[PDB]
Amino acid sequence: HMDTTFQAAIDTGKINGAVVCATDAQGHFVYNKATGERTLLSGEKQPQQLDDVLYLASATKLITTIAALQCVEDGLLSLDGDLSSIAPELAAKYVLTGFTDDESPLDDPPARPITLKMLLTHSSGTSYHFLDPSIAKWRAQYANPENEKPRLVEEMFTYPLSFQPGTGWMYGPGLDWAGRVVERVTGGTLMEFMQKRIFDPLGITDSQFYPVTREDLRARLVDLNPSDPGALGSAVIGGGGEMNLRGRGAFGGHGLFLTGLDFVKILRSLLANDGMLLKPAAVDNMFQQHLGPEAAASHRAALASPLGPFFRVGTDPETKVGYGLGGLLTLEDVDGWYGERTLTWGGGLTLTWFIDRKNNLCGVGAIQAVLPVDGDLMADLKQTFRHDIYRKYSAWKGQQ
């Protein structure tokens, strides 16, 4: 269970603490717990607190997903519309299909336009070079000889597509592109849009994209410490290969900092479907399979690949899953755990979240790890959270 499992990891020195926040739609069952300690830049230790500012890493993707769907409500975008005009950098990408045996690249022009739905579901073709061996080999020719200049989204993610748009699945910068599209069609920064449309309606004021400049937030950053004087989020990412340090502007793929308490407000608004962020029908559409037949087969292949455990977010290999607007989507019940159409993703190696509408539960679990981060231990700690919270929910339901 969380209490003894987290304490054992603290005792071995592999984590400093954790923040866990879960709730049902109405706030009847609520579980909030901060465990352990944080270290300040001065070396002073403090108990972990529920309003400590956390690095969301790819938990950002859910929030960016919401922002893009709000633009859809506004009429500024559509899920299936052609993005070539707003994002010509995407339209100009070609599809890399393989290499000759003399290692010459083979590519083809894109067969169709890239759409917002493709960006939100990682079926556009844009792939992380560190997850896609083919794109990683292409990247190691057109080498940045480390021009160290800070780069916008469009200047960071310059690789060709990994497959014809709509026909595959690979995790990538789809939401960094979607965030840029939001900035272009609204005429403001992503932080401005999110603050007005997501944070203000929920009474959230303690959030920033990297770099965190606000003095009050920096005083509460878990990741501002002697192991991380740059507050880069190294502990969450598992090691510093920092995109954060080399970036310029907001990165909707991974950039946000937020408290656990504020993150669960976003989850619960979706779970309750209370109209604070999106109209109910728009939310319902998030919880559907949005991969086509070829993309779905590509998705299942990645889930069976050596990176599958990361892409499965703790779900069992026998459970059928798809990808919704915002994360992985389960397609069948697991009795005692996630109901069908549970949406789930995470950040780094240390953070995971879920929204289970059928069983009426949502929650985020964010381990605060010690460098160097033990990846196998993080998976176990995340699994303990994902199952222990349901055991706590059952006990509470039994006591009513």
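Residue numbers here begin at 1 and follow the sequence given.
Q: Mean C-alpha B-factor higher for 120 to 128, or for 87 to 95?
A: Stretch with the higher mean C-alpha B-factor: 87 to 95.
Q: Determine, for stretches 284 to 292 and 234 to 242, which one has the higher mean CA B-factor as deposited.
A: Mean B over CA atoms: larger for 234 to 242.
Q: Quick one: which of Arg341, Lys33, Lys61, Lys45 has the biggest Cα B-factor according to the entry?
A: Among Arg341, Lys33, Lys61, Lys45, the PDB entry lists the largest C-alpha B-factor for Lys45.
Q: Among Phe251, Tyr323, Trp138, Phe257, where is the Cα temperature factor highest, going by the PDB entry?
A: Spelled out: the listed residue with the top C-alpha B-factor is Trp138.
Q: Hey, what third does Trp345 fall into on Cα B-factor, ranked over its chain?
A: Its C-alpha B-factor, which the entry lists for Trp345, ranks in the lowest third among residues of this chain.
Q: Once the chain's modelled residues are ordered by C-alpha B factor and cut into thirds, is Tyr210 in the lowest, middle or highest one?
A: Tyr210: CA B-factor falls in the lowest third of its chain.
Q: According to the PDB entry, is the CA B factor of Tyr159 in the bottom, middle or top third of its chain, that is, lowest, middle or highest?
A: For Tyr159, the deposited C-alpha B-factor lands in the highest third.
Q: Can you tell me which third, lowest, middle or highest, the CA B-factor of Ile10 falls into for its chain?
A: Highest third - that is where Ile10 ends up once the chain's C-alpha B-factors are sorted.
Q: How does the C-alpha B factor of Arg300 compare with the rest of the chain: lowest, middle or highest third?
A: For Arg300, the deposited C-alpha B-factor lands in the middle third.
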